[PDB]
Amino acid sequence: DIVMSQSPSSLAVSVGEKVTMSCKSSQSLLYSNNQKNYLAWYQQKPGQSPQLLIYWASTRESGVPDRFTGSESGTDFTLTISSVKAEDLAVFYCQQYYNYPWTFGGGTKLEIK
Amino acid sequence: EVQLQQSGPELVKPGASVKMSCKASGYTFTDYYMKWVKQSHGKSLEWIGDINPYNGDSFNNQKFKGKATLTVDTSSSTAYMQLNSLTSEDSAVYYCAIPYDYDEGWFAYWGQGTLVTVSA
Amino acid sequence: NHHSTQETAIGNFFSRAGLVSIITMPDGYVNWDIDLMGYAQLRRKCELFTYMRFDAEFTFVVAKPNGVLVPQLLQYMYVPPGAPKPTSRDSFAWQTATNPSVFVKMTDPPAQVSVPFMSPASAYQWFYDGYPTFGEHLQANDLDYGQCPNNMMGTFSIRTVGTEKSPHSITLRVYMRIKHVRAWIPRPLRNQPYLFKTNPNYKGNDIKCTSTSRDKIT
Amino acid sequence: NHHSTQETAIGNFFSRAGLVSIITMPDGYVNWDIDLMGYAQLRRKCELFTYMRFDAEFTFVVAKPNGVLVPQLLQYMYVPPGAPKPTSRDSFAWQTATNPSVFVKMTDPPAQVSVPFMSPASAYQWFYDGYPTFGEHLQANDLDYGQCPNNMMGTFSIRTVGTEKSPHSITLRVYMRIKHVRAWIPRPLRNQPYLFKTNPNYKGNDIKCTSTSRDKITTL
Amino acid sequence: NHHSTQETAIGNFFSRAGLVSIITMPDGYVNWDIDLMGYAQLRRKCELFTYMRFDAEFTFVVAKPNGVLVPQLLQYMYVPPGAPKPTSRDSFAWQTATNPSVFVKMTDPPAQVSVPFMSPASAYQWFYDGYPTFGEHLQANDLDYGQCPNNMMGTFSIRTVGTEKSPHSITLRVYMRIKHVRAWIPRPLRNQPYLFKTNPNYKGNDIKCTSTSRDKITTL
Amino acid sequence: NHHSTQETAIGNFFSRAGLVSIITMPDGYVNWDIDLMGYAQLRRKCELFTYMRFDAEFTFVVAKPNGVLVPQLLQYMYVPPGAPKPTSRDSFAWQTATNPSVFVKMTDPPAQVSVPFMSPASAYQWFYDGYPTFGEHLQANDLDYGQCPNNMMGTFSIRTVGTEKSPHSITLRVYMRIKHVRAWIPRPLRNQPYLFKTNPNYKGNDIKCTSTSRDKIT
Amino acid sequence: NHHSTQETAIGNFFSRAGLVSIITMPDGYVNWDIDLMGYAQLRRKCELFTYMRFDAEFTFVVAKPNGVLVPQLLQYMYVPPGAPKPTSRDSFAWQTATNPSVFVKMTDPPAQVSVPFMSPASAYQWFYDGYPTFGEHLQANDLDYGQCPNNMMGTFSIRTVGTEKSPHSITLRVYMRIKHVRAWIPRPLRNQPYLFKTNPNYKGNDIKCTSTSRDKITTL
Ligand SMILES: CCCCCCCCCCCCC/C=C/[C@H](O)[C@H](N)CO
Ligand SMILES: CCCCCCCCCCCCC/C=C/[C@H](O)[C@H](N)CO
Ligand SMILES: CCCCCCCCCCCCC/C=C/[C@H](O)[C@H](N)CO
Ligand SMILES: CCCCCCCCCCCCC/C=C/[C@H](O)[C@H](N)CO
Ligand SMILES: CCCCCCCCCCCCC/C=C/[C@H](O)[C@H](N)CO
């Protein structure tokens with residue numbers, strides 16, 4: 001019904017330093033949103049790292065990775081991370097929600113490193 | 001801090017309407033905000049609604065995935081997501097994601113997820 | 001001297017808004033029975049005198065369980081004793097053709113009303129040596145000892161406005177000022193901590209002495 | 001004694017805002033006819049007297065179906081009997097060069113207007129023993145028994161403002177106060193529950209007695 | 001009798017805010033000329049009299065194409081006839097050291113101004129039997145028949161404030177009240193529908209009769 | 001006749017808010033030097049007369065580069081000539097125990113102040129035939145020709161309030177009204193376009209004639 | 001001459017709101033002791049005179065560490081010396097049946113109060129040559145030299161309102177105006193920079209001379 005598409009298809013990195021993201025929401029209401037899960041293949045799921053599209057990003061993880069970052073531009077976007085090695089080659093994706101800041105339906109599309 | 005566990009991922013009959021539980025880590029009960037997940041096998045992950053029965057998100061609550069989104073039972077203390085379990089569609093895995101304070105509201109720690117086998 | 005005794009009078013002592021209730025909504029409605037003796041700081045002040053007669057200024061500060069404010073329409077309704085109580089999120093009693101009601105969003109400044117002195121007697125009383133009814137007084141009837149009927153001011157019920165179910169959690173905090181106060185017959189103040197709302201019973205195994213004791217006398 | 005009889009007068013009894021309508025938008029416009037006898041608490045009060053003459057204070061509290069408030073521009077328009085009704089979300093009748101109209105967002109405090117007494121007779125009447133028209137009165141014409149024409153105050157139509165289609169759902173709640181009230185000829189109050197809006201018909205298989213019955217006559 | 005004739009006077013008949021323009025921004029600026037005869041309900045009222053003299057109260061209700069309100073800073077600017085028009089989103093004419101201007105967000109309540117009677121003649125006129133200029137009047141010059149120069153009040157240009165390009169769509173709705181009105185020489189009212197803004201031309205193949213015709217003369 | 005000459009007087013001609021500056025923040029602070037002769041429409045009006053004496057009403061309209069408004073707390077500070085300038089986002093000069101300051105949110109209506117006539121002379125002057133200092137006047141010193149010292153009103157510095165770095169971009173627009181105006185010695189108006197802020201120099205290769213020329217004389 | 005000396009008086013010199021504290025919340029509550037001599041610009045002004053007597057206007061500007069504003073309910077509470085301090089996010093001292101308190105959102109305009117002159121002496125004093133208590137004065141007791149007890153105005157504690165833990169960070173900025181000021185006994189101003197809050201001690205290895213020195217005496 002009401003979707004969004006993060007559109008890097010494959011990050012395809014040779015083991016290095018720099019990489020970026022973009023989620024691009026298209027929701028009905030446009031003041032509240034926060035995003036970004038983790039989804040490791042092997043085992044359980046970190047996440048929780050919120051970028052408010054309009055104002056303050058991150059109510060970040062003060063522990064685990066703090067190398068997750070925030071975004072800008074008024075239009076809805078989320079952005080880069082750091083230089084991780086062969087562990088944490090995972091499949092990252094945004095989440096999206098109905099009314100207000102808890103995790104709801106709308107975290108549709110993924111991306112593979 | 002410590003790991004949220006699930007129950008054993010197991011199976012159901014195409015008309016049985018059987019619950020699921022996701023037994024707590026041990027710190028707190030019912031103050032956190034429960035979230036239930038359903039993914040279909042092409043890595044499409046569509047989220048099912050919130051807190052205690054506060055589960056009726058944007059059109060959903062409907063294919064009997066999330067049907068009877070229930071409240072807690074306080075025995076395993078993170079148990080709801082009762083459904084109808086229709087014939088041969090609800091093949092998925094189901095994560096519960098509750099917060100533990102410092103991971104405010106959103107996602108503290110998950111389970112490994114319960115596969116629901118509708119295969120009859 | 002010219003030391004003024006203005007700000008030690010009875011009216012200036014009571015005109016401070018103290019907390020009286022915390023109402024939580026973890027069906028989207030509550031029926032909070034009225035009892036304004038559930039919080040110890042205002043209760044120790046009001047139980048200095050036996051009889052008190054006053055008006056009040058109630059103030060309803062409403063937020064989520066962690067202080068966040070989201071746009072959510074609410075409705076408070078004061079229910080007098082005898083009126084039909086609400087039973088669901090949308091009963092017939094929410095039409096409010098007789099009862100007063102306040103409609104205020106959570107994002108607005110907190111609402112204020114000014115209730116009058118509405119007791120059938122001449123003044124409120126926090127102490128009542130007697131039983132309200134007649135008849136036999138056996139062992140199983142001792143809930144109503146010290147329960148005067150002219151203090152029960154009915155209930156106070158809040159809800160979320162819509163006919164669906166809202167996804168937010170509500171904690172209401174009510175504060176009460178006291179205006180135009182007249183008091184009578186001062187009493188000894190309380191030293192033991194409080195245990196219930198309706199009776200002065202105390203922990204009999206922990207007699208807290210008033211004065212912090214010392215070692216010697218000289 | 002010095003017991004006051006001020007707050008038992010006729011004016012103080014009716015000046016309380018009671019619910020009169022719930023208007024829902026599940027094309028983004030409705031044409032709600034006017035009938036203020038659809039909710040039982042205000043209806044039992046107003047049908048104590050036969051004739052009543054008053055002004056009013058209407059109040060429109062608008063939200064989503066679960067009390068959430070989103071920024072959405074609305075427009076209410078009072079349509080007198082005879083004026084052209086709106087037909088779509090953007091008809092020609094929304095220009096409002098003659099009809100009064102209120103433009104208010106959903107995020108604002110609720111709007112208030114003060115309508116006057118606008119009936120052709122001397123007072124409103126909730127009871128009318130008679131037919132409005134002349135002619136034959138056969139069986140198929142008995143919708144209009146007890147329908148006086150000088151109470152139909154036209155309709156009241158709301159919409160969302162834009163020419164596109166808004167994605168939000170609207171439930172309006174209207175409350176009416178009564179000011180400067182004069183009444184006449186008090187009637188016996190109602191005990192049976194209400195069934196329709198236009199007639200006093202009751203459930204004939206369930207005669208609810210007024211007094212809750214007891215067992216004997218010599219004991220309570 | 002004591003029937004009042006207060007609310008049928010000339011001042012009470014015109015003091016209702018009617019729609020006069022819809023300004024849409026699907027470069028982020030428009031230069032809307034000012035023609036207040038483009039909407040049929042206010043136009044049929046104002047063309048009852050020949051000459052009219054009044055002040056006005058303009059009101060600008062601004063939203064997205066579906067009634068949603070987002071925080072966006074706007075700027076309206078009234079341009080008198082002769083002033084330099086704006087050409088881009090940030091021209092030199094947006095400095096407004098001479099022209100009046102309103103800065104208002106989309107989230108605020110709608111803005112209101114009170115323009116005075118600014119015509120060089122004694123009153124406005126909606127009818128002008130004549131040509132504004134001298135000279136030859138051949139076939140190709142008949143755009144200006146019935147175009148009086150003392151009604152063109154310049155233009156009215158809006159924009160989004162920033163020097164970048166905003167991602168939102170704007171639909172402005174302007175409403176005009178009429179205060180301190182004096183009229184002269186009433187005319188027959190219009191029955192055919194309107195076709196253009198500058199001339200009374202009508203559809204010659206569809207003569208809409210005024211009265212809805214019936215079948216006979218001895219029965220209704 | 002009864003033609004009124006009220007709205008052609010000197011006070012009604014100048015009391016219109018014209019743009020005087022655009023301040024952009026693409027460290028989250030700027031130190032905008034004061035010069036109100038950088039925009040041509042108000043400058044052509046104010047340079048009609050030689051000397052002018054007035055108060056003013058400044059208005060600060062602040063938004064993002066595309067008109068969007070996000071909540072963001074700002075702070076403006078008027079710095080008189082001689083006061084310590086701010087150097088960083090959080091210097092010691094932002095305490096403002098002496099300088100006036102405005103704290104306003106980007107979401108609020110735009111702020112307004114009313115500055116008085118603060119010049120050491122009797123009136124401002126837009127023309128000054130002379131040098132401000134004494135001494136030798138060789139070729140390399142000709143920046144200060146026509147620079148009177150009693151027009152420099154210090155600077156005007158804005159910032160974002162927090163000690164971290166805000167992620168938003170700021171464009172401020174300042175508008176100035178003129179109240180209680182008295183003028184002296186009218187001058188010929190300008191026809192060539194403007195090139196700088198501090199001198200009347202013009203493009204010598206493009207002499208724009210005043211009247212649009214025609215073909216013949218008859 | 002007609003040079004006025006109005007805006008150089010004592011009242012006009014002090015009536016400017018200067019920063020006095022920055023309160024940060026990186027359990028969601030703080031107990032900020034009161035000391036208004038921690039910021040050098042207002043401290044150099046107030047230590048011109050020995051004794052000062054005034055009222056004040058406090059102003060609390062609250063935001064997140066980067067100026068962003070989010071809807072979050074707060075509560076400030078002034079705690080007099082002797083009152084029970086709060087210990088947790090929800091202690092028993094937050095009921096405020098005796099202490100004054102302000103409830104304000106972060107999205108609102110900043111709150112303002114007007115405290116009176118609340119000292120037991122006739123005026124405040126920023127200098128106190130003496131010890132507050134009696135008894136022996138050995139080496140380990142020299143924290144209280146120059147600590148008068150009639151300047152400690154208790155503490156000032158803020159919190160987030162809810163019983164859970166809020167996910168936002170709070171930085172409060174407090175500004176203080178001075179109204180109805182009377183001063184006594186002016187002192188020499190300070191030239192060395194400030195080092196602590198409770199004593200005039202200075203860096204003994206860096207004697208900053210007042211005048212910027214030059215090279216010779218016969219040439220400026
Ligand atoms: C819309 C208004 C909602 C608030 C309605 C409150 C009105 C009732 C105020 C009652 C004033 C005190 C009455 C007695 C106080 C104690 O609760 C009783 N002693 C209970 O024992
Ligand atoms: C912008 C204003 C919108 C609201 C317009 C409402 C004005 C009409 C008020 C009517 C007052 C009562 C008239 C009669 C009441 C009952 O509906 C009739 N008896 C119907 O049977
Ligand atoms: C900031 C103010 C913006 C609005 C400016 C509007 C002022 C002009 C009002 C004009 C009043 C009516 C003048 C004539 C009306 C018709 O348009 C003409 N007859 C055109 O034919
Ligand atoms: C918080 C207040 C911020 C705004 C402070 C502005 C006050 C200064 C106003 C100056 C009035 C005009 C002074 C001279 C104007 C021209 O800039 C000079 N001639 C420069 O050459
Ligand atoms: C809700 C109100 C919160 C603010 C309460 C502040 C009231 C206290 C104001 C104190 C006025 C100055 C008192 C003395 C100033 C210096 O801090 C002392 N000299 C400390 O050495």
# chains A, B, ... in the order shown; residues from 1 in each chain; ligands from 1
$ closest_atom_pairs --of "chain F" --to "ligand 4" --cutoff "7 Å" --atoms "only C-alpha atoms and all ligand atoms" --output "JSON lines"
{"residue": "F:34", "atom": "CA", "partner": "ligand 4", "partner_atom_place_in_ligand_line": "17 (O)", "distance": 5.6}
{"residue": "F:35", "atom": "CA", "partner": "ligand 4", "partner_atom_place_in_ligand_line": "17 (O)", "distance": 3.8}
{"residue": "F:36", "atom": "CA", "partner": "ligand 4", "partner_atom_place_in_ligand_line": "17 (O)", "distance": 4.0}
{"residue": "F:37", "atom": "CA", "partner": "ligand 4", "partner_atom_place_in_ligand_line": "17 (O)", "distance": 6.2}
{"residue": "F:56", "atom": "CA", "partner": "ligand 4", "partner_atom_place_in_ligand_line": "11 (C)", "distance": 7.0}
{"residue": "F:58", "atom": "CA", "partner": "ligand 4", "partner_atom_place_in_ligand_line": "4 (C)", "distance": 6.4}
{"residue": "F:76", "atom": "CA", "partner": "ligand 4", "partner_atom_place_in_ligand_line": "1 (C)", "distance": 6.1}
{"residue": "F:77", "atom": "CA", "partner": "ligand 4", "partner_atom_place_in_ligand_line": "1 (C)", "distance": 5.5}
{"residue": "F:78", "atom": "CA", "partner": "ligand 4", "partner_atom_place_in_ligand_line": "3 (C)", "distance": 4.7}
{"residue": "F:100", "atom": "CA", "partner": "ligand 4", "partner_atom_place_in_ligand_line": "1 (C)", "distance": 6.0}
{"residue": "F:101", "atom": "CA", "partner": "ligand 4", "partner_atom_place_in_ligand_line": "1 (C)", "distance": 5.4}
{"residue": "F:102", "atom": "CA", "partner": "ligand 4", "partner_atom_place_in_ligand_line": "1 (C)", "distance": 6.1}
{"residue": "F:113", "atom": "CA", "partner": "ligand 4", "partner_atom_place_in_ligand_line": "2 (C)", "distance": 6.3}
{"residue": "F:115", "atom": "CA", "partner": "ligand 4", "partner_atom_place_in_ligand_line": "7 (C)", "distance": 5.7}
{"residue": "F:117", "atom": "CA", "partner": "ligand 4", "partner_atom_place_in_ligand_line": "11 (C)", "distance": 7.0}
{"residue": "F:124", "atom": "CA", "partner": "ligand 4", "partner_atom_place_in_ligand_line": "14 (C)", "distance": 6.3}
{"residue": "F:125", "atom": "CA", "partner": "ligand 4", "partner_atom_place_in_ligand_line": "19 (N)", "distance": 6.4}
{"residue": "F:126", "atom": "CA", "partner": "ligand 4", "partner_atom_place_in_ligand_line": "19 (N)", "distance": 5.6}
{"residue": "F:151", "atom": "CA", "partner": "ligand 4", "partner_atom_place_in_ligand_line": "18 (C)", "distance": 4.5}
{"residue": "F:152", "atom": "CA", "partner": "ligand 4", "partner_atom_place_in_ligand_line": "20 (C)", "distance": 5.5}
{"residue": "F:153", "atom": "CA", "partner": "ligand 4", "partner_atom_place_in_ligand_line": "8 (C)", "distance": 5.6}
{"residue": "F:156", "atom": "CA", "partner": "ligand 4", "partner_atom_place_in_ligand_line": "3 (C)", "distance": 6.1}
{"residue": "F:198", "atom": "CA", "partner": "ligand 4", "partner_atom_place_in_ligand_line": "21 (O)", "distance": 6.9}
$ write_last_selection --atoms "N, CA, C and O atoms" --output "short mmCIF file (atom, residue, chain, number, x, y, z; two decimals), in the first residue's frame"
data_model
loop_
_atom_site.label_atom_id
_atom_site.label_comp_id
_atom_site.auth_asym_id
_atom_site.auth_seq_id
_atom_site.Cartn_x
_atom_site.Cartn_y
_atom_site.Cartn_z
N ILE F 34 27.87 45.32 9.98
CA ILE F 34 26.68 46.10 9.63
C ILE F 34 26.98 46.99 8.43
O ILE F 34 27.94 47.77 8.44
N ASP F 35 26.13 46.86 7.44
CA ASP F 35 26.08 47.76 6.32
C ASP F 35 24.71 47.58 5.77
O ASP F 35 24.36 46.52 5.34
N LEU F 36 23.94 48.63 5.76
CA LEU F 36 22.56 48.56 5.32
C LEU F 36 22.38 49.18 3.94
O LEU F 36 21.25 49.50 3.55
N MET F 37 23.46 49.31 3.18
CA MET F 37 23.44 49.85 1.82
C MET F 37 23.84 48.79 0.80
O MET F 37 24.56 49.08 -0.16
N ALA F 56 14.20 52.87 14.19
CA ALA F 56 13.98 51.78 13.26
C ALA F 56 13.26 50.63 13.94
O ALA F 56 13.21 50.55 15.17
N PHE F 58 13.51 46.59 13.33
CA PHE F 58 14.12 45.48 12.62
C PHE F 58 13.28 44.23 12.79
O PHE F 58 12.64 44.02 13.82
N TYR F 76 20.33 35.79 18.41
CA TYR F 76 20.94 36.96 17.80
C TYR F 76 21.52 37.83 18.90
O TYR F 76 21.01 37.86 20.02
N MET F 77 22.61 38.53 18.59
CA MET F 77 23.26 39.39 19.57
C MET F 77 23.82 40.60 18.86
O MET F 77 24.63 40.47 17.94
N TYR F 78 23.41 41.78 19.30
CA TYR F 78 23.92 43.02 18.73
C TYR F 78 25.20 43.40 19.46
O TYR F 78 25.21 43.54 20.68
N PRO F 100 22.46 43.40 24.29
CA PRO F 100 21.10 42.87 24.12
C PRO F 100 21.10 41.66 23.21
O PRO F 100 21.96 41.50 22.35
N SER F 101 20.11 40.79 23.41
CA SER F 101 20.06 39.54 22.68
C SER F 101 18.63 39.04 22.59
O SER F 101 17.81 39.29 23.47
N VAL F 102 18.35 38.33 21.50
CA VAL F 102 17.04 37.76 21.23
C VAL F 102 17.19 36.26 21.10
O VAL F 102 18.02 35.78 20.31
N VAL F 113 12.43 44.03 17.03
CA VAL F 113 12.99 44.95 18.02
C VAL F 113 12.82 46.36 17.49
O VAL F 113 12.44 46.59 16.34
N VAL F 115 15.17 49.63 17.62
CA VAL F 115 16.43 50.26 17.99
C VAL F 115 16.26 51.78 17.95
O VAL F 115 15.43 52.29 17.19
N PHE F 117 17.93 55.90 17.71
CA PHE F 117 18.96 56.61 16.95
C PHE F 117 20.22 56.68 17.80
O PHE F 117 20.25 57.38 18.81
N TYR F 124 22.45 60.61 10.83
CA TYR F 124 23.23 59.80 9.92
C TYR F 124 23.53 60.58 8.65
O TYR F 124 22.85 61.55 8.30
N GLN F 125 24.57 60.16 7.94
CA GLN F 125 24.87 60.75 6.65
C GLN F 125 25.36 59.67 5.71
O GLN F 125 26.22 58.86 6.08
N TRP F 126 24.79 59.64 4.51
CA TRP F 126 25.19 58.68 3.49
C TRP F 126 26.27 59.21 2.57
O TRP F 126 26.69 58.50 1.66
N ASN F 151 28.96 56.16 11.44
CA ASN F 151 27.93 55.32 10.87
C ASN F 151 28.15 53.84 11.14
O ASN F 151 27.20 53.06 11.02
N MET F 152 29.37 53.44 11.49
CA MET F 152 29.65 52.05 11.81
C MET F 152 29.03 51.73 13.16
O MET F 152 29.49 52.21 14.20
N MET F 153 27.97 50.93 13.15
CA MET F 153 27.23 50.60 14.36
C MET F 153 27.62 49.25 14.93
O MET F 153 26.78 48.57 15.52
N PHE F 156 26.70 42.39 14.12
CA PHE F 156 25.48 41.70 14.50
C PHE F 156 25.72 40.23 14.24
O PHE F 156 25.82 39.81 13.08
N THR F 198 30.39 50.85 -0.38
CA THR F 198 31.01 51.95 0.35
C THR F 198 31.34 53.16 -0.52
O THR F 198 31.89 54.13 -0.01
#
$ select_by_dssp --residues "stretch 16-103 of chain A" --states "strand (DSSP E or B)" --output "ChimeraX atom specification"
/A:19,37,51,57,81,91,93
$ closest_atom_pairs --of "chain F" --to "chain A" --cutoff "10 Å" --atoms "only C-alpha atoms" --output "tab-separated table"
residue	atom	partner	partner_atom	distance
F:64	CA	A:74	CA	9.5
F:66	CA	A:74	CA	9.6
F:68	CA	A:74	CA	8.0
F:69	CA	A:74	CA	9.7
F:70	CA	A:55	CA	7.1
F:71	CA	A:55	CA	7.6
F:72	CA	A:55	CA	8.6
F:166	CA	A:56	CA	8.9
F:167	CA	A:72	CA	6.7
F:168	CA	A:72	CA	7.5
F:169	CA	A:73	CA	9.3
$ write_last_selection --atoms "N, CA, C and O atoms" --output "CSV table (one decimal), in the first residue's frame"
chain,number,residue,atom,x,y,z
F,64,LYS,N,15.1,27.8,6.4
F,64,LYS,CA,16.0,27.0,5.6
F,64,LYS,C,16.2,27.6,4.2
F,64,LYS,O,15.4,28.5,3.8
F,66,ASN,N,15.2,26.5,1.5
F,66,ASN,CA,14.1,26.4,0.6
F,66,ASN,C,12.7,26.6,1.3
F,66,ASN,O,11.7,26.1,1.0
F,68,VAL,N,11.6,25.8,4.2
F,68,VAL,CA,11.1,24.9,5.2
F,68,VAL,C,11.5,25.4,6.6
F,68,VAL,O,12.5,26.0,6.8
F,69,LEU,N,10.6,25.1,7.6
F,69,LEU,CA,10.9,25.5,9.0
F,69,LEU,C,11.0,24.3,9.8
F,69,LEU,O,10.0,23.5,9.9
F,70,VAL,N,12.1,24.1,10.5
F,70,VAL,CA,12.3,23.0,11.4
F,70,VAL,C,12.5,23.6,12.8
F,70,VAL,O,13.0,24.7,13.0
F,71,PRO,N,12.2,22.8,13.9
F,71,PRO,CA,12.4,23.5,15.1
F,71,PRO,C,13.9,23.6,15.3
F,71,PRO,O,14.5,22.6,15.1
F,72,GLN,N,14.4,24.7,15.6
F,72,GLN,CA,15.8,25.0,15.9
F,72,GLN,C,15.9,26.3,16.7
F,72,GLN,O,15.4,27.3,16.3
F,166,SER,N,24.7,21.8,14.9
F,166,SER,CA,23.3,21.5,14.4
F,166,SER,C,23.4,21.1,12.9
F,166,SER,O,24.2,21.6,12.2
F,167,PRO,N,22.5,20.2,12.5
F,167,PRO,CA,22.5,19.7,11.1
F,167,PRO,C,21.7,20.5,10.1
F,167,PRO,O,21.6,20.1,9.0
F,168,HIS,N,21.2,21.7,10.5
F,168,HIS,CA,20.4,22.4,9.6
F,168,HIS,C,21.1,23.7,9.1
F,168,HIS,O,22.1,24.1,9.7
F,169,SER,N,20.6,24.2,7.9
F,169,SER,CA,21.2,25.3,7.3
F,169,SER,C,20.3,26.5,7.5
F,169,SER,O,19.0,26.4,7.5
$ closest_atom_pairs --of "chain F" --to "chain G" --cutoff "8 Å" --atoms "only C-alpha atoms" --output "CSV"
residue,atom,partner,partner_atom,distance
F:71,CA,G:69,CA,5.8
F:72,CA,G:68,CA,5.0
F:73,CA,G:67,CA,5.1
F:74,CA,G:67,CA,7.6
F:92,CA,G:41,CA,7.8
F:95,CA,G:19,CA,5.0
F:96,CA,G:18,CA,5.3
F:97,CA,G:18,CA,4.1
F:98,CA,G:16,CA,6.4
F:99,CA,G:16,CA,7.7
F:100,CA,G:16,CA,7.2
F:160,CA,G:67,CA,6.5
F:161,CA,G:67,CA,5.6
F:162,CA,G:66,CA,4.5
F:163,CA,G:65,CA,6.2
F:164,CA,G:66,CA,4.8
F:165,CA,G:66,CA,5.6
F:166,CA,G:66,CA,5.0
$ write_last_selection --atoms "C-alpha atoms" --output "mmCIF file, in the first residue's frame"
data_model
loop_
_atom_site.group_PDB
_atom_site.id
_atom_site.type_symbol
_atom_site.label_atom_id
_atom_site.label_comp_id
_atom_site.auth_asym_id
_atom_site.auth_seq_id
_atom_site.Cartn_x
_atom_site.Cartn_y
_atom_site.Cartn_z
ATOM 1 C CA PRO F 71 12.425 23.515 15.117
ATOM 2 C CA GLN F 72 15.821 24.988 15.898
ATOM 3 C CA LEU F 73 16.768 27.408 18.666
ATOM 4 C CA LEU F 74 18.736 30.476 17.580
ATOM 5 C CA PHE F 92 32.628 33.697 26.415
ATOM 6 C CA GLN F 95 26.789 35.123 27.973
ATOM 7 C CA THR F 96 25.373 38.581 27.099
ATOM 8 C CA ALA F 97 25.567 40.257 30.490
ATOM 9 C CA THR F 98 25.965 43.595 28.692
ATOM 10 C CA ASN F 99 24.779 43.238 25.083
ATOM 11 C CA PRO F 100 21.101 42.875 24.120
ATOM 12 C CA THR F 160 22.728 28.189 16.920
ATOM 13 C CA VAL F 161 22.308 27.805 20.647
ATOM 14 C CA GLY F 162 23.696 24.374 21.512
ATOM 15 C CA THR F 163 27.317 23.438 22.155
ATOM 16 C CA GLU F 164 27.177 20.620 19.588
ATOM 17 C CA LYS F 165 26.812 21.204 15.840
ATOM 18 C CA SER F 166 23.312 21.476 14.418
#
$ residues_near_ligand --ligand "ligand 3" --cutoff "8 Å" --atoms "only C-alpha atoms and all ligand atoms" --output "PyMOL selection string"
chain E and resi 34-37+55-56+58+76-79+100-102+113-119+124-126+147-148+151-156+197-198
$ select_by_dssp --residues "chain C" --states "helix (DSSP H, G or I)" --output "ChimeraX atom specification"
/C:10-14,40-46,93-95,139-141,149-151
$ interface_residues --of "chain G" --to "chain B" --cutoff "10 Å" --atoms "only C-alpha atoms" --output "list in words"
residues 164, 165, 166, 167 and 168 of chain G
$ interface_residues --of "chain A" --to "chain D" --cutoff "9 Å" --atoms "only C-alpha atoms" --output "list in words"
residues 28, 29 and 99 of chain A
$ atom_distance --atom1 "atom 21 (O, counted along the ligand's line) of ligand 2" --atom2 "atom CA of residue D:104"
27.7 Å
$ interface_residues --of "chain A" --to "chain B" --cutoff "6 Å" --atoms "only C-alpha atoms" --output "VMD selection string"
chain A and resid 44 to 45 48 104 to 105 108
$ residues_around --residues "stretch 40-48 of chain C" --least-positions-apart "2" --cutoff "10 Å" --atoms "only C-alpha atoms" --output "PyMOL selection string"
(chain C and resi 13-14+16-20+36-38+50-52+125-127+176+183-191+193-195+197) or (chain G and resi 92-98)
$ residues_around --residues "stretch 210-219 of chain G" --least-positions-apart "2" --cutoff "12 Å" --atoms "only C-alpha atoms" --output "list in words"
residues 189, 190, 191, 192, 193, 207 and 208 of chain G
$ atom_distance --atom1 "atom CA of residue F:15" --atom2 "atom CA of residue F:178"
5.0 Å
$ residues_around --residues "residue B:12" --least-positions-apart "4" --cutoff "12 Å" --atoms "only C-alpha atoms" --output "count of residues only"
21
$ closest_residue --among "B:62, B:5, B:25, B:52" --to "chain C" --atoms "only C-alpha atoms"
B:52
$ atom_distance --atom1 "atom CA of residue F:59" --atom2 "atom CA of residue F:114"
9.1 Å
